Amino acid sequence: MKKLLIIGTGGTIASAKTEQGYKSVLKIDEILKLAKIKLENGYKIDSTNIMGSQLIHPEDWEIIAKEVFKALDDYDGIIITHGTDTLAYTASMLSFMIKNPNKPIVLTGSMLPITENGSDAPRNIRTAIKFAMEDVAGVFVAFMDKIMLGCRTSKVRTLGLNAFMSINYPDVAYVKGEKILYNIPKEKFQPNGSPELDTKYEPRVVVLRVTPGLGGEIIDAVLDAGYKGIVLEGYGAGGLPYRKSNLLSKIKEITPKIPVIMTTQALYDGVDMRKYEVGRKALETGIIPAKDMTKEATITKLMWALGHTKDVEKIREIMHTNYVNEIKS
């Protein structure tokens, strides 16, 4: 009946405790063996390893997108095991690089190595397999029995097993044993159009936390260092100091040439740069609101957008296009 591909990429899920700490040591065949995954029953799993890796690099996104893209032809469902710390960047970036995928692409990981007592790895793989067997299409994350839209996922903690949340967006579904309870209607994830691959990206995006003290001298430094986009983890007021501070005036000097995106240091509820006068002053300088996007969506989307054009009005239109429900319309 159904054919699944599981792609290994590294991560805690590929790791074992050593005398030098956790170390990425397992290929996907050993993960599947150590997590006691059934390779059949209404399906057949094939497995492959892309390329000691804990962390994804932007180059790896192009590699993974090409392999996933070629595989849509031969598989009903595609699972990617991945390090938790950068899984949400990968999930978001594939959501822009693979247009109209016509099969489920499901990323997962673990907080514990398989071989540690109480590991979450077997359960997360099993969840991902179950959802990958669904007649749906898009890029999803499977974690702690939840299915979440890839471009809306963030890692919220470093120890607790319920480590990924859907930010400012509903979960897709919840998997209890063999039952899938759709939180968003299944009919909403049907394939539309033919898949396309677009791997253009510019990686030199720098993300800053807006703090008291942060001066315009940083904006000078990041331009001197060659960076092409700036993400700010700003305030819910949505604005910057324009008094005892050159930050807003130094940004206003560069917004015609460099996209400056305003997201939040706060996790939940998004940025509204219109509610406060201080926000409206930040907008008036040409700072581009990230609205309800996650950090990981904001960042990967801007890298992808800069790969297409350096025209800041065109970047604004790309960032505010709702491609795959990464952002409100």
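We number the residues from 1 along the sequence you see.
- Where coordinates are absent for parts of the deposited sequence, a chain break appears; between neighbours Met51 and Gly52 it spans 1 to 3 residues.
- As the entry records it, the average C-alpha temperature factor is higher for 234 to 242, out of 75 to 83 and 234 to 242.
- Looking at mean Cα B-factors across 102 to 110 and 223 to 231, the upper value is held by 223 to 231.
- The maximum CA B-factor among the listed residues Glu296, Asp272, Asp269, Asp29, taken from the PDB record, is found at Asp29.
- Comparing the listed residues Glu253, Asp145, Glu202, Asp120, the entry records the largest Cα B-factor for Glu253.
- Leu247: CA B factor in the highest third of modelled residues in this chain (values from the PDB entry).
- Among the modelled residues of the chain, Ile180 sits in the highest third by CA temperature factor in this PDB entry.
- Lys130: CA B factor lies in the middle third for its chain, per the PDB record.
- Ranked by Cα temperature factor within the chain, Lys281 sits in the middle third according to the deposited record.
- The PDB entry assigns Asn41 a C-alpha temperature factor belonging to the highest third of its chain's modelled residues.
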